[PDB]
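Working notes, beginning with the structure itself.
Computed from the coordinates by the stated procedures, all read-outs in this text should not be read as laboratory data. Cβ atoms come from the backbone with ideal geometry, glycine included; neighbour counts cover every protein chain shown.
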Amino acid sequence: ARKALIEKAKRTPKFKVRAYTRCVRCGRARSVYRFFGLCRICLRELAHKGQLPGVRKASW
Amino acid sequence: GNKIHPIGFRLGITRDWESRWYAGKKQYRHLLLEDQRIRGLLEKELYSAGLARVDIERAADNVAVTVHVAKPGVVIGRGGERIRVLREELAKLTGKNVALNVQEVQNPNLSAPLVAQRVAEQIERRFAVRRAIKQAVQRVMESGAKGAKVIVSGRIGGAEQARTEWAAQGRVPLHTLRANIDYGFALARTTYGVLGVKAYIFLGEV
Amino acid sequence: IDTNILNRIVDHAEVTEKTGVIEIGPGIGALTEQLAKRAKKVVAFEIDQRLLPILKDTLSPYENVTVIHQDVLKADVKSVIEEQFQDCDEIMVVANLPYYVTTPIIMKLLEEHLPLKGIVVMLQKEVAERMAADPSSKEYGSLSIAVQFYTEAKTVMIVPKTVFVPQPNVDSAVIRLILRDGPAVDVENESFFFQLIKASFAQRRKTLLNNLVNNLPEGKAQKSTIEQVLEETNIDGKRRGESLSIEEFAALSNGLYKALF
Amino acid sequence: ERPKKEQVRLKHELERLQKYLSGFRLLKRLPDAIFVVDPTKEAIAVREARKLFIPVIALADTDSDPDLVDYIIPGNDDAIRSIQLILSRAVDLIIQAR
RNA sequence: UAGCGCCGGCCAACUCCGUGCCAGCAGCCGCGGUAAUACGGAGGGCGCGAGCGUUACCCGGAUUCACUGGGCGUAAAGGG
RNA sequence: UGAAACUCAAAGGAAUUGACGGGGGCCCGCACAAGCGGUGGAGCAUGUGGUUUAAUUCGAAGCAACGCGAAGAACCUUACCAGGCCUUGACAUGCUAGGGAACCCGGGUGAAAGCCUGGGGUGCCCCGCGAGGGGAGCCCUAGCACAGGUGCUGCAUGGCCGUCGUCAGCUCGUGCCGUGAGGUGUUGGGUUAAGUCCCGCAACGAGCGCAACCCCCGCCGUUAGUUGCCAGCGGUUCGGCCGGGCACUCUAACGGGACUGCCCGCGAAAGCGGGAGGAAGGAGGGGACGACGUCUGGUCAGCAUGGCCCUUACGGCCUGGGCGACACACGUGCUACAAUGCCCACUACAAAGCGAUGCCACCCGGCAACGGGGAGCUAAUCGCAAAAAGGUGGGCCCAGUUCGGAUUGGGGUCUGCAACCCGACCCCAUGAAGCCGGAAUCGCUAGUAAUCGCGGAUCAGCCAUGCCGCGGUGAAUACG
Ligand SMILES: [Zn+2]
């Protein structure tokens, strides 16, 4: 999650299968969700904050 | 321990989402990124005026930003100059003819974020933590607010070992859904590190 | 903190949304907070670095209060009134003052010819008596003459020692000084007017002649002129010195200097 | 407006409060005197009355302490008949003398 | 001609520099290992003043030999 | 009978709060017991300890680390190693010493990064006369600030998480008791999942807790009938396929309903054992929910941040390797050791999900994975999608076997710029140990265990037997 790596993951890397996703909030490259583009930790924080529309605590 | 977010616990009922809009899977993440950028900019700029809440809604390629501020004059500025330049900045950020709105929070002692940021500001000014917390809880308790609670994290008064302070008064039932508990977080950056301030306020029931 | 008594002082000042208020040495901001809720604009002069964070924090919920970090003496008050009070009719000064800077801080404001309406302050009871003194009450002196020549004075009440949590050594009193419409008495020779006023009370228990001739080398040379002018102005250096009214001093400051000016 | 269950809880609370605090509801302020059937069974009550300089009237019996009671009626505390007689006479006197 | 003691609590009189369990202070409780009102020096203050402190000794505080004026079940104290 | 010299600033008595006992008593919980399945034996998958290594990047360490961070290591990820290169640098705001402000094409060098570079520049931007000229348009290399760091301390911290523990406790106001610390409330009997209630009692209440409010499932109503449903009606080419209707199922909003509510008996009371009614009866089943605090618990490698350190390298880019090694040991799993079984055909019955670079119906070719055509679908419309165990028919006959399914040889497909290190899925060859596993040990009380399939996140593809959900068939025992 170095600044350099963050910036490097935003250029067309000469090949199709080199580009990978990073957390748009913290540059995490481990557990990003494609639907949101946020890592699990950032997802949880924003979900709790109520800043994610339509997302709530699941219970069944 | 490990209490969960008192707002996230009540997103369905007694509270509401800060962002209210719809987007399909194709164009969800982009709107969220724009939204986060807007929030960042607003927090950065309007901090002086005492921001407490930012609401974003979308109808059709439009943005209706509502800012809840203790002091609306600062935001508006003289002859509506500052509000206009802020609108210009936001519109330049994203070409979506944004429609900024300003509301004044009634009785600014009854908003938990305001209380939290005030306590953090006090801590930054090398105040006495315990006394400040007691006074803050007292002021919240004065103007209704059936329950009040303030927590300051640790590293008190440039000490070596961290410790929690916690002054509270009244009913703060974190276990009840129909509580209408207003919550606020703040971060106080001092020369000996960072401190966390949390404020809970309890405004009746149902 | 002195509770509702603060709200009392402002009550004796009668400020509203019409008025702008100048605060001198606010301190914590006990009086400033009370003034803020009742005044359209509040301005403050604070020069102590240690009390600044506390004062700022106390003023956090408010917006119509401005604090300028500069000593009153050095700063031009006229300009501050010009900007800060562009949109208010009545301009008033409410303050509580440190013991050393009590009179000179008043004198600076009075000398500057500010558009101030009234100065309602808390001072020493002794100083309050001296400022507002009837003739031959042993309180009559340079202070009384000067103030009443500039501004009409009125002591409201006496604040007892048994108010402040740290009990002081001397009691306090609240006074009002309303700026008169123009000089009280017509005399062009303001400087020598004040010279005469201060010289006449050089020795309180002495006579006018003693307090006149002893002062000033020319005066100590030309004795007879003083006497003949005094008799010209229908005054004599025998009565006491402390029994004279302001207009009498006006007549003397006209005549005596008219002899040599 | 409430979950029935909540109404049931409130009703139980009301029932308990009604059971214990009935009659006592008429005291808007501290009483003027006090009337005790048995001063020994009612040691706490007598002591509380003493502490607040309130006159004490008792229907004391053999196993009682006559010193703690100002106005004492030496009689039976059992024997339902005696309770009825004394209380009836007292209440009649109160009602008549109003 | 104006000195002498003191300024942590007893006990009236507070800050800045030097040292860092060292040098030292000390009537008792105790202060001294880097933010010392307790050590050393300054500024300031307090008490007395041709004097002010220290040591020694006696009475007091000591109802701590109790006649005024104490106690003995478990605190020292009922005899095998 | 009975000293003193010397030392110390205490030595003591009663009682209070807590800690601890290997002091005792009471209660609870798959803790033991009664059962059903496993683990430890074997093969393989994966994570650790060790060892080799150029590096085998790090953090995690009893329960509460060990299918953990990692919901996706062939390059990228990547933080480690070996080489090949750059120094205001990928990225930020500036400062101002000549381009001159600007974009595009192209060659040598070549493992690539980078380096050296030549030609059309894109020039105007106002328009001083204008014939170069003032710059807000834009970019190269030269000036200083500075970028930066997965470099180090979780024993400087914030945030968030784990655990005791969803255990039932942790406190306060006023009153009363005690000279005082303090106590009572909160202790005693009974009962409960529970300081949950009841009685007694100098307490009477409240706050954080338990409970309830919230969600799903179980029943019945109004609202509404498409892309869903089909009792009668008319159609039928046999398909709710058609006209038709929203009765029924269903879909999703608002409601009702269960509260010891009503009768019998016991009990002082809370309640207790039965009985109606009811879809459901004593908390109906499940979830979300985690008090004061404990563990110097965990994370400076998600992020923020105090402090220390490097700034021609501990920063930055690229190529190749490693994280996948291997005499061994430990953990969590998967597949079996067979006849209540194995293989082969025919035939059924679900729920919850996902999809416009995608899902792929249908056709053809290939034995096969797949390839080529190709509709339909932003989807209660189309598709993935055959559900599997099951039921019927046939074979197999106790044999390391038509049980197993490792390892090896060859051929073929797709993803990808590239499958050697190290991808998956195929087709033909061989057929490994393994005949129910010692001491010990783990889970589970009901739609549960056991067993059987399906979907999803991550993701070009996948080393997933993992994780999070969905349903199908459905035991036993709980004396204590
Ligand atoms: Zn993130």
- [ ] Please arrange C:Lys37, D:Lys5 by counting, for each residue, the other beta carbons lying within 10 Å of its beta carbon, fewest first.
- [x] D:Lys5, C:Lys37
Task: Note, ³J(HN,Hα) from phi for region C:63-69, Karplus 6.51, -1.76, 1.60, rounded to Hz, x at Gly and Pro - done: 9, 8, 10, 10, 10, 10, 7
- [ ] Send over the semi-axes of region C:110-261's equivalent ellipsoid, whole angstrom and largest first, taken as the square roots of 5 times the C-alpha gyration tensor eigenvalues.
- [x] 33, 18, 12
TODO: May I ask for the net charge around D:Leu85, where only other residues with Cβ less than 15 Å from the Cβ of D:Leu85 are counted and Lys, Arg are +1 while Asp, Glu are -1?
DONE: -2
TODO: Rank-order A:49-57, D:42-50 by packing density, defined as the average count of other C-beta atoms within 10 Å over each peptide's residues, highest first.
DONE: A:49-57, D:42-50
Open item on the list: How charged is the neighbourhood of A:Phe35? Take every other residue with its Cβ under 9 Å from the Cβ of A:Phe35, and add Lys/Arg as +1 and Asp/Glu as -1.
Closed with: +3
Open item on the list: Need the list of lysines near C:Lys206 for cross-linking: C-alpha distance under 22 angstrom, and skip anything on the same chain fewer than eight residues off.
Closed with: C:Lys138, C:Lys198, C:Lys220, C:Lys223, C:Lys238
Open item on the list: Can you compute 3J(HN,Hα) from phi for each residue in region C:14-20, using the Karplus curve 6.51 cos²θ - 1.76 cosθ + 1.60 with θ = phi - 60°, rounded to whole Hz and x for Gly and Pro?
Closed with: 6, 9, 9, 5, 7, 9, x
TODO: Stick to the Cα atoms of region B:16-106, pair each with every other, and give me the Kirkwood hydrodynamic radius in Å at one decimal.
DONE: 13.6
Open item on the list: Can you divide the C-alpha Rg of chain D by 2.2 N^0.38 Å and report the result to two decimal places?
Closed with: 1.44
- [ ] Tell me which residues come under 5 Å, amide H to amide H, from C:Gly25 once H is placed; ignore anything under 5 positions away on its chain.
- [x] C:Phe45
TODO: Just round it to a whole percent: the fraction of Cα-Cα distances in the protein assembly as shown exceeding 39 Å.
DONE: 60
Open item on the list: Tell me the net charge near C:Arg240. Cut-off is 9 Å between Cβ atoms, C:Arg240 excluded, with +1 for each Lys or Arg and -1 for each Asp or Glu.
Closed with: +4
TODO: Please pull out the direction-averaged projected area of chain C, using the convex hull of its alpha-carbon atoms, in nm² to one decimal place.
DONE: 15.4
Task: Residue-by-residue Karplus 3J(HN,Hα) for region B:81-89, coefficients 6.51, -1.76, 1.60, Hz, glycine and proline x - done: 8, 6, 4, 5, 5, 5, 4, 4, 4
Task: Long-range amide H partners of D:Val36 with built H, under 5 Å - done: D:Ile57, D:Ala58, D:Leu59
TODO: List every DSSP H helix in chain D whose Cα atoms extend 15 Å or more along the helix's own long axis and whose mean Kyte-Doolittle hydropathy is at least 0.5.
DONE: D:80-96
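Go through A:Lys3/B:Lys71; B:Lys149/D:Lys5; C:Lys108/C:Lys154 and tell me which ones have a Cα-Cα distance over 28 Å in this structure.
Cα-Cα > 28 Å for A:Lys3/B:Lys71; B:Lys149/D:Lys5; rest within.
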- [ ] Using just the helices of chain B, give the 222 nm mean residue ellipticity in deg cm²/dmol: DSSP H runs with n ≥ 4 each add -39,500 (n - 2.57), and the total is spread over all residues, rounded to 500.
- [x] -9000 deg cm²/dmol
Task: Residues with amide H under 5 Å from that of C:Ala202, placed H, sequence gap 5 or more - done: none
- [ ] Express in whole angstrom the spacing between the alpha-carbon centres of region A:1-46 and region D:31-98.
- [x] 86
Open item on the list: For B:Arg15, B:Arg118, which order do you get if you count the other beta carbons within 10 Å of each Cβ and list the fewest first?
Closed with: B:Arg15, B:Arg118
Task: D:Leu21-B:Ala128 pseudo-label distance in nm [points 7 Å out on the Cα-to-Cβ vector] - done: 4.0
Task: Cα convex hull of chain A - mean projected area over all directions, nm² - done: 5.3
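Would you mind getting me the FRET efficiency between C:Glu14 and B:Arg178? Use the beta-carbon distance for r and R0 = 35 Å, nearest 0.05. Don't jump to the answer; show the numbers that get you there.
Working: r = 50 Å, r/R0 = 1.42.
The calculated FRET efficiency here is 0.10.
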- [ ] Compute the separation of the alpha-carbon centres of region C:154-200 and region C:1-33 and state it in Å as a whole number.
- [x] 19
Open item on the list: Taking 56 Å as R0, compute the FRET efficiency from the Cβ-Cβ separation of D:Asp63 and D:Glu6 and round it to 0.05.
Closed with: 0.70
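Let me have the 222 nm mean residue ellipticity of chain C computed from DSSP H runs of 4+ only, each contributing -39500 (n - 2.57), with the sum over all residues rounded to the nearest 500. Spell out each step's value before the answer.
Numbers: 11 runs with 96 residues, N = 261.
Using -39500 (n - 2.57) per qualifying helix, the result is -10500 deg cm²/dmol.
Tell me, what is the percent relative contact order of chain B, built from C-alpha pairs under 8 Å that lie six or more residues apart?
Reported relative contact order: 19 percent.
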